[PDB]
Amino acid sequence: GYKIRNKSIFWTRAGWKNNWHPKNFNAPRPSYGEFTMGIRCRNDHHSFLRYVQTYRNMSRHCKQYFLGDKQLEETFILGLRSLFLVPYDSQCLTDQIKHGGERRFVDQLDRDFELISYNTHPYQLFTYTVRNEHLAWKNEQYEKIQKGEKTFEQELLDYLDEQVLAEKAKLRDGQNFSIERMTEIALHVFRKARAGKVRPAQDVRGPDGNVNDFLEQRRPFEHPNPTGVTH
Amino acid sequence: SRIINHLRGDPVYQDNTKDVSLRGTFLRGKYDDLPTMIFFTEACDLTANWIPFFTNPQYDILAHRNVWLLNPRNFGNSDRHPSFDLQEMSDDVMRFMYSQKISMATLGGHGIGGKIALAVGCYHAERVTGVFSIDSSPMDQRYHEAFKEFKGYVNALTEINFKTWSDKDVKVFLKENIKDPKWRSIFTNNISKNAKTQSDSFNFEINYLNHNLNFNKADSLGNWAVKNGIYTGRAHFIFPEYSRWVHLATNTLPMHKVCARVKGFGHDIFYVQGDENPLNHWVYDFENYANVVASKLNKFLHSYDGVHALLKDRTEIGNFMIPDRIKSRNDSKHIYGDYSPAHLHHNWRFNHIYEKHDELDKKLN
Amino acid sequence: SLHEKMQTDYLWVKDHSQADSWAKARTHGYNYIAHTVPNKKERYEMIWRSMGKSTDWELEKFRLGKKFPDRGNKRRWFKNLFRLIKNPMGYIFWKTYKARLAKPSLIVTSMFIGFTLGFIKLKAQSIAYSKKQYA
Amino acid sequence: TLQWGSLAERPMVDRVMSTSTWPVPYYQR
Amino acid sequence: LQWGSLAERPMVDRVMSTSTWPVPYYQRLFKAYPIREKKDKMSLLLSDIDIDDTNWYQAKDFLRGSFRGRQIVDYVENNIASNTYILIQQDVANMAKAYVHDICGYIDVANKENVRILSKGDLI
Amino acid sequence: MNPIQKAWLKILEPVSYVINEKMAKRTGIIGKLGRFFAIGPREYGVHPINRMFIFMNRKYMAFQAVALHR
Ligand SMILES: CCCCCCCCCCCCCCCCCC(=O)OC[C@H](COP(=O)([O-])OCC(O)COP(=O)([O-])OC[C@@H](COC(=O)CCCCCCCCCCCCCCCCC)OC(=O)CCCCCCCCCCCCCCCCC)OC(=O)CCCCCCCCCCCCCCCCC
Ligand SMILES: CCCCCCCCCCCCCCCCCC(=O)OC[C@H](COP(=O)([O-])OCC(O)COP(=O)([O-])OC[C@@H](COC(=O)CCCCCCCCCCCCCCCCC)OC(=O)CCCCCCCCCCCCCCCCC)OC(=O)CCCCCCCCCCCCCCCCC
Ligand SMILES: CCCCCCCCCCCCCCCCCC(=O)OC[C@H](COP(=O)([O-])OCC(O)COP(=O)([O-])OC[C@@H](COC(=O)CCCCCCCCCCCCCCCCC)OC(=O)CCCCCCCCCCCCCCCCC)OC(=O)CCCCCCCCCCCCCCCCC
Ligand SMILES: CCCCCCCCCCCCCCCCCC(=O)OC[C@H](COP(=O)([O-])OCC(O)COP(=O)([O-])OC[C@@H](COC(=O)CCCCCCCCCCCCCCCCC)OC(=O)CCCCCCCCCCCCCCCCC)OC(=O)CCCCCCCCCCCCCCCCC
């Protein structure tokens, strides 16, 4: 499609794609004991245990609002690890960061836990909303199954299993029913099914170049005055 | 034999877009030294169909220029590559021009071919003298009815499997799935049987093409992206009065929007008087449409193509002086004044005509 | 291979002998830009492409190199002023030709003249009333 | 081109229609 | 005198130019015509005029410039029964008459030779 | 060109020699000064006023012939 043509896009005064130690005038310099009288520094060796305790708090304090949903605790755990594994798998050389990446990430995670302690972190509210939308749809299926009714998801699975038999019942010259053929069969059913639904217009342009919005009503004028409510 | 010379080769699937070579027919001119013309045929359309137009004594186009009827990548005999980026497809032509020792050429196209021709002038303008586009415009045609049919037909062609399908099964498939007579005939003649009659296949890459069209995004051939830029040189557009591809109402503005030197209707943009007929896209079939295109084509090549922008016609070469911008030359002791811009030989790089004439000039003095 | 073969070829990339003596545009188009034309974005692409060819698409050379104005536009206001003084009717005629292609009705043209000349007539009376106030 | 017309008719040059219908609404979405 | 190569065309048709960026914005409105001189070029009014008297009058003028043409003119304007010098051939009547009156005249040539050859001696 | 311009040239013959032969071809500001005030035929030397009379004279005279030829 389109590729960046500038070859020096990732060049910095410190090197190629360097986002760990940008070049600045006041560079780090060593210190010598025999000549150093006093010093004021905030660095320490407490980041490792703070990284551990921070994980335990963020996990235990977010589980307060999961209501024992085991599937949510396990899903949340996978998401929590993805947030702590950033320095271990990033392109950025987190071990060569200017003034200690360990202290930097720990202090950044602490600000997240502060919000978690108040139950105000966007990931928390995002989790509650996403889960409630999921359980409402799973309860709709449960209520339809208890009534002996068939779910919209089973009607497709059954409608797709028969369409495969019809295709392989005529595919006798060859006998390799690839996953590609199986896929385009389902998509042909999804497009037809999705189009059947009365959904809001998502694509800007329909079959014609014209936009599918309520504002794309141009001339000629053929609509009369609007009518009032009926009694 | 002699006038008709089409280099012969086999398509090669290429993983790198730069190792792509173009193949097509070459029509030699009547006269010894003439500039070259590169013409792109409609997508999935045969180059041979344009031979009677460029080889008609009544039109006498070869009297003006040598013609290279060239196939873009994934079309005809040229190499195959899934990408259809006009920047990549334009570099292919530049390598062809290099391998054939062509310094600069006149570019032409029909329909989507017109887009390909204009892209080369947009990406390589210093080496293109002019562009002559026929029933095309630098425009997004994804939602044009004419394009949808072509986009629709190509998708239907993916259902046929030559290995299992018999010759009769194919003919029945085309008539029912392809309603347009011309498209149908074009696709039939594009079917070829490889050596040893192993199996029949299309000369064009049906898979790579359908993905470009079916996806229907910026890289689609119907689309014209802003990335392609502006064409700085001479451009002439000719299309039927009633054309499904270029509508006179609004589809002329892209020409002004994309081509900087386009003056407007009646000077660089013309419409051919005709009736409403879906076959008018193929002007070479109808004498009335072709006779006007040829006259307009011969006029563009003779008087307008390869002429400096600020000059009206080729007649002004050597008698009209262009104003100069101050502080535009390295020489400091230069009295700025009007000048006639330099027009060079069409293949001055791969010949020594300048070195030769310099010697002859010395003999005079 | 053919791509690099032609890039290295001196013939394929060679300025003509008179190229040095020719007038050379010493700008890529970033000094005076068209901001409101419908091809605005297309113009920027040609500037970006011109800047890249100068540096082999290594724009670090551009960042380090010297940037210059469009010295061809120097003293352009003075030059147009002298042309207007030399022949104002010719300067006005050609600068307004494309606009005058669309001529309004006789009524509109008359309203322009009538209101303009009437405004000048009142301006003259106010000049006269000032001489009355000075007396 | 850089000479498209008067300021009042500037919003006219934007529309590009995919059909042959006349007259054409000028507004470009 | 020098004529060059018949095959080659004038260098104007071969000499070309190409565009580049930036481009001048100015669109030329008219062709420059500083000096009013259009000599050695014939008028374009003489485009689609039908045959008329100027055709046979100018023909004689050019024919009278040659020795063979002077004979045609004198003979045509004196020894041809026509009500106009605008000759239009729509039939081959006058052409066939002149052929049958000529190709026939050369008949009896062989029979005449037979008389001499056969009257020479008697076979007996 | 007109006779009045030719009279200037005869009078400016020595000045033309100094500026064109000596100064105009020197380097530095002395050359820029000579090439700027070079003496010769006028660039854009046409007189629009004289041309304006010629146009209005011809246009008004054609009107006289119509109005007088009655
Ligand atoms: C110890 C005691 C000391 C005593 C002495 C003290 C004096 C100190 C001297 C030191 C100061 C000078 C320093 C040297 C500068 C070197 C910089 C340089 O390289 O050149 C830059 C500059 C760049 O110009 P450019 O690159 O060639 O092109 C210009 C652009 O294209 C632009 O041109 P354009 O066509 O695109 O149009 C735009 C143009 C023109 O636009 C306009 O429309 C403005 C027009 C202004 C003039 C007209 C005003 C209107 C009223 C009059 C009407 C006239 C027209 C009427 C027409 C007829 C009406 C019917 O805009 C300009 O103004 C251009 C000016 C040049 C840029 C400088 C920055 C200016 C910004 C401030 C603007 C406001 C000041 C304006 C000053 C006037 C400038 C000309 O070139 C110069 O102008 C150099 C000037 C230096 C001359 C020095 C000469 C010797 C001085 C000593 C002599 C003795 C003096 C004695 C004084 C006694 C006490 C009073
Ligand atoms: C902005 C809104 C408000 C505007 C307010 C009004 C603006 C001022 C209005 C002034 C109008 C007076 C017209 C005078 C007669 C013009 C008649 C004519 O046929 O024109 C050609 C005529 C040239 O014909 P020519 O005599 O054959 O000269 C050609 C030779 O080849 C020339 O030989 P060359 O090529 O070697 O010379 C270089 C060339 C280029 O070089 C320059 O011109 C640039 C520098 C010039 C110096 C700056 C000029 C400052 C003002 C002049 C001095 C004060 C006034 C003098 C009296 C002028 C009135 C006659 O010089 C010239 O272009 C001609 C000489 C310029 C005059 C310089 C001498 C001035 C003293 C005159 C002494 C003789 C009269 C005796 C004294 C009279 C008083 C009792 O042009 C002129 O002579 C000057 C015209 C000045 C017009 C400027 C403004 C015009 C546009 C106004 C627009 C109004 C708005 C409405 C527009 C609506 C559009 C939609
Ligand atoms: C040193 C002294 C300094 C002080 C004085 C300074 C004076 C400066 C004035 C300089 C010139 C003004 C700028 C003109 C730009 C160049 C021409 C041009 O516009 O390009 C053509 C272009 C379109 O014309 P076109 O391409 O030929 O197409 C027309 C068709 O061919 C055929 O026509 P159509 O079928 O399409 O439509 C019918 C016709 C419609 O018929 C008309 O043309 C309407 C005009 C009727 C006559 C109006 C009276 C004459 C005004 C001048 C005399 C002033 C009287 C004294 C004022 C006292 C109070 C200060 O349309 C037209 O032909 C053009 C109308 C478009 C409006 C024209 C521009 C506004 C009028 C001129 C402004 C005058 C301002 C003077 C004082 C300003 C002081 C701040 O016009 C435009 O630029 C489009 C702009 C959008 C205009 C519509 C909305 C405007 C709303 C603001 C109205 C402002 C009124 C100001 C009143 C003044 C005080 C009462
Ligand atoms: C045998 C049958 C009769 C044959 C008669 C022979 C005819 C010969 C024709 C000769 C043509 C001459 C060609 C040379 C002139 C061409 C240049 C030109 O300016 O033409 C306009 C020309 C064309 O304009 P256009 O946009 O194509 O519109 C053309 C028509 O107007 C059409 O526009 P429309 O399609 O939109 O139609 C709407 C129309 C709608 O009009 C109507 O529907 C009804 C009109 C009713 C009028 C009621 C008047 C009420 C008066 C009340 C006043 C009371 C106060 C009295 C004070 C008394 C004090 C006690 O309204 C107008 O068009 C207004 C036009 C103004 C006309 C003024 C003359 C009116 C009476 C003329 C009578 C002539 C005898 C004809 C007898 C026919 C009887 C059947 O304008 C230009 O573009 C050229 C530049 C103009 C610059 C403006 C300054 C020009 C002034 C100088 C001109 C040259 C000197 C004077 C010449 C005479 C000018 C009036």
# chains A, B, ... in the order shown; residues from 1 in each chain; ligands from 1
$ interface_residues --of "chain C" --to "chain F" --cutoff "10 Å" --atoms "only C-alpha atoms" --output "MDAnalysis selection string"
chainID C and resid 83 86:90
$ write_last_selection --atoms "C-alpha atoms" --output "mmCIF file, in the first residue's frame"
data_model
loop_
_atom_site.group_PDB
_atom_site.id
_atom_site.type_symbol
_atom_site.label_atom_id
_atom_site.label_comp_id
_atom_site.auth_asym_id
_atom_site.auth_seq_id
_atom_site.Cartn_x
_atom_site.Cartn_y
_atom_site.Cartn_z
ATOM 1 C CA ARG C 83 4.653 47.546 -14.949
ATOM 2 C CA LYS C 86 4.468 51.774 -17.498
ATOM 3 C CA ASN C 87 1.117 50.657 -18.943
ATOM 4 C CA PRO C 88 -1.706 50.555 -16.389
ATOM 5 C CA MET C 89 -4.411 49.772 -18.942
ATOM 6 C CA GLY C 90 -2.481 46.776 -20.243
#
$ residues_near_ligand --ligand "ligand 3" --cutoff "9 Å" --atoms "only C-alpha atoms and all ligand atoms" --output "number ranges by chain"
C: 96, 98-105, 107-120; D: 5-9
$ closest_atom_pairs --of "chain B" --to "chain D" --cutoff "9 Å" --atoms "only C-alpha atoms" --output "Markdown table"
| residue | atom | partner | partner_atom | distance |
| --- | --- | --- | --- | --- |
| B:139 | CA | D:16 | CA | 8.7 |
| B:140 | CA | D:18 | CA | 8.7 |
| B:141 | CA | D:18 | CA | 7.2 |
| B:142 | CA | D:18 | CA | 8.7 |
| B:143 | CA | D:18 | CA | 6.1 |
| B:144 | CA | D:18 | CA | 5.2 |
| B:145 | CA | D:19 | CA | 7.9 |
| B:242 | CA | D:20 | CA | 8.8 |
| B:243 | CA | D:20 | CA | 8.9 |
| B:244 | CA | D:20 | CA | 7.9 |
| B:245 | CA | D:18 | CA | 8.7 |
| B:246 | CA | D:18 | CA | 8.8 |
| B:247 | CA | D:20 | CA | 6.0 |
| B:248 | CA | D:20 | CA | 8.1 |
| B:249 | CA | D:20 | CA | 7.3 |
| B:250 | CA | D:16 | CA | 5.1 |
| B:251 | CA | D:16 | CA | 6.0 |
| B:252 | CA | D:16 | CA | 8.7 |
| B:253 | CA | D:13 | CA | 6.8 |
| B:254 | CA | D:16 | CA | 8.1 |
| B:256 | CA | D:1 | CA | 5.9 |
| B:257 | CA | D:1 | CA | 6.6 |
| B:258 | CA | D:1 | CA | 8.3 |
| B:259 | CA | D:1 | CA | 7.4 |
| B:260 | CA | D:1 | CA | 4.9 |
| B:261 | CA | D:1 | CA | 7.1 |
| B:262 | CA | D:1 | CA | 7.6 |
| B:263 | CA | D:1 | CA | 8.5 |
$ interface_residues --of "chain B" --to "chain F" --cutoff "10 Å" --atoms "only C-alpha atoms" --output "list in words"
residues 332, 333, 334, 335 and 337 of chain B
$ residues_near_ligand --ligand "ligand 1" --cutoff "12 Å" --atoms "only C-alpha atoms and all ligand atoms" --output "list in words"
residues 326 and 327 of chain B; 69, 70, 71, 72, 73, 74, 75, 76, 77, 78, 79, 80, 81, 82, 83, 84, 85, 86 and 88 of chain C
$ write_last_selection --atoms "N, CA and C atoms" --output "short mmCIF file (atom, residue, chain, number, x, y, z; two decimals), in the first residue's frame"
data_model
loop_
_atom_site.label_atom_id
_atom_site.label_comp_id
_atom_site.auth_asym_id
_atom_site.auth_seq_id
_atom_site.Cartn_x
_atom_site.Cartn_y
_atom_site.Cartn_z
N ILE B 326 14.66 36.23 -11.54
CA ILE B 326 15.91 36.83 -11.11
C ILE B 326 16.61 35.91 -10.11
N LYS B 327 17.94 35.90 -10.16
CA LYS B 327 18.76 35.07 -9.28
C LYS B 327 18.40 33.59 -9.42
N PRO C 69 15.40 30.52 1.02
CA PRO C 69 14.13 31.03 0.52
C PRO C 69 14.03 30.88 -0.99
N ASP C 70 12.93 31.38 -1.54
CA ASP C 70 12.74 31.45 -2.99
C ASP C 70 13.23 32.81 -3.47
N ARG C 71 14.52 32.89 -3.79
CA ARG C 71 15.09 34.17 -4.18
C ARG C 71 14.57 34.64 -5.53
N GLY C 72 13.82 33.79 -6.25
CA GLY C 72 13.21 34.21 -7.49
C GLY C 72 12.03 35.14 -7.31
N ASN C 73 11.40 35.12 -6.15
CA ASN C 73 10.29 36.01 -5.85
C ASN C 73 10.76 37.35 -5.28
N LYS C 74 12.06 37.58 -5.22
CA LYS C 74 12.58 38.82 -4.68
C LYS C 74 12.12 40.01 -5.52
N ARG C 75 11.75 41.09 -4.84
CA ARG C 75 11.44 42.36 -5.50
C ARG C 75 10.28 42.22 -6.49
N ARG C 76 9.38 41.27 -6.23
CA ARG C 76 8.27 41.04 -7.14
C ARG C 76 7.20 42.12 -7.03
N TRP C 77 7.03 42.70 -5.85
CA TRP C 77 6.05 43.77 -5.67
C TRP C 77 6.49 45.04 -6.39
N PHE C 78 7.77 45.39 -6.27
CA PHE C 78 8.29 46.55 -7.00
C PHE C 78 8.13 46.37 -8.50
N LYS C 79 8.39 45.16 -9.00
CA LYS C 79 8.37 44.95 -10.45
C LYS C 79 6.96 45.09 -11.00
N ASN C 80 5.96 44.55 -10.30
CA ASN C 80 4.59 44.71 -10.75
C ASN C 80 4.14 46.16 -10.66
N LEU C 81 4.66 46.90 -9.68
CA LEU C 81 4.31 48.31 -9.55
C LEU C 81 4.81 49.11 -10.75
N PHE C 82 6.03 48.83 -11.21
CA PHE C 82 6.58 49.55 -12.35
C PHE C 82 5.86 49.18 -13.64
N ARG C 83 5.41 47.94 -13.77
CA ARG C 83 4.65 47.55 -14.95
C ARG C 83 3.29 48.23 -14.97
N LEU C 84 2.67 48.39 -13.81
CA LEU C 84 1.42 49.12 -13.73
C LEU C 84 1.61 50.59 -14.10
N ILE C 85 2.74 51.17 -13.71
CA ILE C 85 3.02 52.56 -14.07
C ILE C 85 3.35 52.68 -15.55
N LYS C 86 4.11 51.72 -16.09
CA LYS C 86 4.47 51.77 -17.50
C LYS C 86 3.22 51.76 -18.38
N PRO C 88 -0.67 51.02 -17.32
CA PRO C 88 -1.71 50.55 -16.39
C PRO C 88 -2.87 49.87 -17.08
#
$ interface_residues --of "chain E" --to "chain D" --cutoff "12 Å" --atoms "only C-alpha atoms" --output "MDAnalysis selection string"
chainID E and resid 23:27
$ interface_residues --of "chain A" --to "chain D" --cutoff "9 Å" --atoms "only C-alpha atoms" --output "PyMOL selection string"
chain A and resi 208-211+216+218-219
$ write_last_selection --atoms "C-alpha atoms" --output "PDB file, in the first residue's frame"
ATOM      1  CA  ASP A 208     -23.585   4.232  -5.048  1.00  0.00           C
ATOM      2  CA  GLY A 209     -21.003   6.880  -4.235  1.00  0.00           C
ATOM      3  CA  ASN A 210     -23.625   8.739  -2.212  1.00  0.00           C
ATOM      4  CA  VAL A 211     -23.367   8.668   1.578  1.00  0.00           C
ATOM      5  CA  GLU A 216     -27.792  12.805   2.059  1.00  0.00           C
ATOM      6  CA  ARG A 218     -30.714  16.131  -2.121  1.00  0.00           C
ATOM      7  CA  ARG A 219     -32.984  17.444  -4.844  1.00  0.00           C
TER       8      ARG A 219
END
$ residues_around --residues "residue B:7" --least-positions-apart "2" --cutoff "7 Å" --atoms "only C-alpha atoms" --output "PyMOL selection string"
chain B and resi 5+9+23-25
$ write_last_selection --atoms "N, CA and C atoms" --output "tab-separated table (two decimals), in the first residue's frame"
chain	number	residue	atom	x	y	z
B	5	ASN	N	6.42	-5.89	-34.52
B	5	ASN	CA	7.47	-6.63	-33.82
B	5	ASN	C	7.13	-6.64	-32.34
B	9	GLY	N	8.13	-13.66	-24.65
B	9	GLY	CA	8.65	-14.09	-23.37
B	9	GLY	C	7.57	-14.79	-22.58
B	23	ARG	N	6.38	-6.46	-21.04
B	23	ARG	CA	6.43	-7.00	-22.39
B	23	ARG	C	5.22	-6.52	-23.17
B	24	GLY	N	5.42	-6.30	-24.47
B	24	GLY	CA	4.35	-5.79	-25.30
B	24	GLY	C	4.79	-5.76	-26.75
B	25	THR	N	3.90	-5.22	-27.58
B	25	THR	CA	4.15	-5.12	-29.01
B	25	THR	C	4.80	-3.79	-29.36
$ interface_residues --of "chain C" --to "chain B" --cutoff "7 Å" --atoms "only C-alpha atoms" --output "ChimeraX atom specification"
/C:2-3,6,11,21-25,38-39,41-43,45-46,71-72
$ closest_residue --among "E:87, E:44, E:11, E:80" --to "chain B" --atoms "only C-alpha atoms"
E:11
$ closest_atom_pairs --of "chain A" --to "chain C" --cutoff "6 Å" --atoms "only C-alpha atoms" --output "tab-separated table"
residue	atom	partner	partner_atom	distance
A:6	CA	C:57	CA	5.1
A:7	CA	C:58	CA	5.1
A:8	CA	C:58	CA	5.4
$ select_by_dssp --residues "chain F" --states "alpha helix (DSSP H)" --output "ChimeraX atom specification"
/F:3-11,13-16,29-36,48-68
$ write_last_selection --atoms "N, CA and C atoms" --output "short mmCIF file (atom, residue, chain, number, x, y, z; two decimals), in the first residue's frame"
data_model
loop_
_atom_site.label_atom_id
_atom_site.label_comp_id
_atom_site.auth_asym_id
_atom_site.auth_seq_id
_atom_site.Cartn_x
_atom_site.Cartn_y
_atom_site.Cartn_z
N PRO F 3 13.42 58.30 -34.41
CA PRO F 3 14.53 59.25 -34.60
C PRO F 3 15.06 59.86 -33.32
N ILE F 4 14.20 60.07 -32.32
CA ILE F 4 14.66 60.70 -31.09
C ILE F 4 15.61 59.78 -30.34
N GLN F 5 15.37 58.47 -30.39
CA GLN F 5 16.28 57.53 -29.75
C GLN F 5 17.62 57.48 -30.48
N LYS F 6 17.60 57.62 -31.80
CA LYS F 6 18.85 57.63 -32.56
C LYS F 6 19.68 58.87 -32.26
N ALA F 7 19.03 60.00 -31.98
CA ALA F 7 19.77 61.20 -31.61
C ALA F 7 20.49 61.02 -30.28
N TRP F 8 19.83 60.40 -29.31
CA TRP F 8 20.48 60.12 -28.03
C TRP F 8 21.74 59.29 -28.23
N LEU F 9 21.68 58.29 -29.11
CA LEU F 9 22.82 57.39 -29.29
C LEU F 9 24.03 58.14 -29.83
N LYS F 10 23.82 59.04 -30.80
CA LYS F 10 24.92 59.83 -31.32
C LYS F 10 25.51 60.72 -30.24
N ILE F 11 24.66 61.26 -29.36
CA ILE F 11 25.15 62.11 -28.28
C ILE F 11 25.82 61.27 -27.20
N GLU F 13 27.35 58.46 -27.65
CA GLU F 13 28.37 57.58 -28.21
C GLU F 13 29.58 57.43 -27.29
N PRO F 14 30.18 58.51 -26.77
CA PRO F 14 31.29 58.31 -25.83
C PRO F 14 30.87 57.69 -24.51
N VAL F 15 29.68 58.05 -24.01
CA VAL F 15 29.20 57.44 -22.77
C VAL F 15 28.97 55.95 -22.97
N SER F 16 28.45 55.57 -24.14
CA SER F 16 28.26 54.15 -24.43
C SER F 16 29.59 53.41 -24.41
N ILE F 29 31.31 45.48 -8.26
CA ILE F 29 30.19 46.41 -8.31
C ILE F 29 30.31 47.33 -9.52
N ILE F 30 31.53 47.56 -10.01
CA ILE F 30 31.72 48.37 -11.20
C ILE F 30 31.09 47.69 -12.41
N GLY F 31 31.15 46.36 -12.46
CA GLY F 31 30.50 45.65 -13.55
C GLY F 31 29.00 45.63 -13.41
N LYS F 32 28.51 45.34 -12.20
CA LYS F 32 27.07 45.38 -11.96
C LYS F 32 26.49 46.75 -12.30
N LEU F 33 27.26 47.81 -12.06
CA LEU F 33 26.78 49.15 -12.37
C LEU F 33 26.75 49.40 -13.87
N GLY F 34 27.74 48.89 -14.60
CA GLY F 34 27.76 49.09 -16.04
C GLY F 34 26.73 48.25 -16.76
N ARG F 35 26.60 46.98 -16.37
CA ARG F 35 25.60 46.12 -16.98
C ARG F 35 24.19 46.57 -16.67
N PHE F 36 24.01 47.31 -15.57
CA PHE F 36 22.68 47.81 -15.21
C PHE F 36 22.32 49.04 -16.03
N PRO F 48 2.95 53.49 -24.46
CA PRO F 48 1.51 53.21 -24.51
C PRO F 48 0.65 54.40 -24.88
N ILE F 49 1.05 55.62 -24.52
CA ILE F 49 0.24 56.79 -24.85
C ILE F 49 0.14 56.95 -26.36
N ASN F 50 1.28 56.92 -27.05
CA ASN F 50 1.26 57.00 -28.50
C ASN F 50 0.42 55.88 -29.09
N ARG F 51 0.52 54.68 -28.52
CA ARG F 51 -0.28 53.56 -28.99
C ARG F 51 -1.75 53.76 -28.67
N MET F 52 -2.05 54.44 -27.56
CA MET F 52 -3.44 54.69 -27.20
C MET F 52 -4.11 55.63 -28.20
N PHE F 53 -3.42 56.70 -28.59
CA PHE F 53 -3.97 57.61 -29.59
C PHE F 53 -4.27 56.87 -30.89
N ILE F 54 -3.34 56.03 -31.33
CA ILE F 54 -3.51 55.31 -32.58
C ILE F 54 -4.77 54.46 -32.54
N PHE F 55 -5.03 53.81 -31.41
CA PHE F 55 -6.21 52.97 -31.29
C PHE F 55 -7.48 53.81 -31.30
N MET F 56 -7.54 54.84 -30.46
CA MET F 56 -8.74 55.66 -30.38
C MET F 56 -8.94 56.47 -31.66
N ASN F 57 -7.85 56.85 -32.33
CA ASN F 57 -7.97 57.54 -33.61
C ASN F 57 -8.63 56.64 -34.65
N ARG F 58 -8.20 55.38 -34.72
CA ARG F 58 -8.77 54.47 -35.70
C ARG F 58 -10.20 54.08 -35.36
N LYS F 59 -10.50 53.93 -34.07
CA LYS F 59 -11.85 53.53 -33.68
C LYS F 59 -12.84 54.67 -33.87
N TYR F 60 -12.44 55.89 -33.53
CA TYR F 60 -13.34 57.02 -33.68
C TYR F 60 -13.49 57.42 -35.14
N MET F 61 -12.46 57.17 -35.95
CA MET F 61 -12.53 57.54 -37.36
C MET F 61 -13.49 56.64 -38.12
N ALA F 62 -13.52 55.35 -37.78
CA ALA F 62 -14.49 54.46 -38.39
C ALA F 62 -15.91 54.87 -38.05
N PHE F 63 -16.10 55.48 -36.88
CA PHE F 63 -17.42 56.00 -36.52
C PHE F 63 -17.76 57.23 -37.35
N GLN F 64 -16.77 58.06 -37.65
CA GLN F 64 -17.01 59.24 -38.48
C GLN F 64 -17.52 58.84 -39.86
N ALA F 65 -16.94 57.79 -40.45
CA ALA F 65 -17.33 57.39 -41.80
C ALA F 65 -18.77 56.92 -41.84
N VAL F 66 -19.22 56.23 -40.80
CA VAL F 66 -20.60 55.77 -40.76
C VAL F 66 -21.55 56.94 -40.55
N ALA F 67 -21.21 57.84 -39.63
CA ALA F 67 -22.10 58.95 -39.32
C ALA F 67 -22.15 59.96 -40.46
N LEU F 68 -21.05 60.13 -41.19
CA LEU F 68 -21.00 61.10 -42.27
C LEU F 68 -21.50 60.55 -43.59
#
$ residues_around --residues "stretch 75-82 of chain B" --least-positions-apart "5" --cutoff "10 Å" --atoms "only C-alpha atoms" --output "PyMOL selection string"
chain B and resi 7-24+41-47+70+89+92+190+202-209+211-212
$ residues_around --residues "residue A:186" --least-positions-apart "6" --cutoff "12 Å" --atoms "only C-alpha atoms" --output "list in words"
residues 156, 157, 158, 159, 160, 161, 162, 163, 164, 179, 180, 192, 193 and 194 of chain A
$ write_last_selection --atoms "C-alpha atoms" --output "PDB file, in the first residue's frame"
ATOM      1  CA  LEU A 156     -26.160 -20.965  11.611  1.00  0.00           C
ATOM      2  CA  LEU A 157     -24.086 -23.897  12.864  1.00  0.00           C
ATOM      3  CA  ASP A 158     -26.822 -26.239  11.645  1.00  0.00           C
ATOM      4  CA  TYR A 159     -27.337 -24.276   8.427  1.00  0.00           C
ATOM      5  CA  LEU A 160     -23.581 -24.357   7.786  1.00  0.00           C
ATOM      6  CA  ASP A 161     -23.120 -28.076   8.474  1.00  0.00           C
ATOM      7  CA  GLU A 162     -25.621 -28.929   5.738  1.00  0.00           C
ATOM      8  CA  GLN A 163     -24.118 -26.465   3.257  1.00  0.00           C
ATOM      9  CA  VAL A 164     -20.793 -28.268   3.684  1.00  0.00           C
ATOM     10  CA  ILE A 179     -10.237 -24.269   5.265  1.00  0.00           C
ATOM     11  CA  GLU A 180     -10.450 -21.488   2.671  1.00  0.00           C
ATOM     12  CA  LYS A 192     -26.459 -12.239   3.964  1.00  0.00           C
ATOM     13  CA  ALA A 193     -27.450 -12.534   7.626  1.00  0.00           C
ATOM     14  CA  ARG A 194     -25.963  -9.192   8.660  1.00  0.00           C
TER      15      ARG A 194
END
$ interface_residues --of "chain C" --to "chain E" --cutoff "9 Å" --atoms "only C-alpha atoms" --output "PyMOL selection string"
chain C and resi 25+27-29+46-47+50
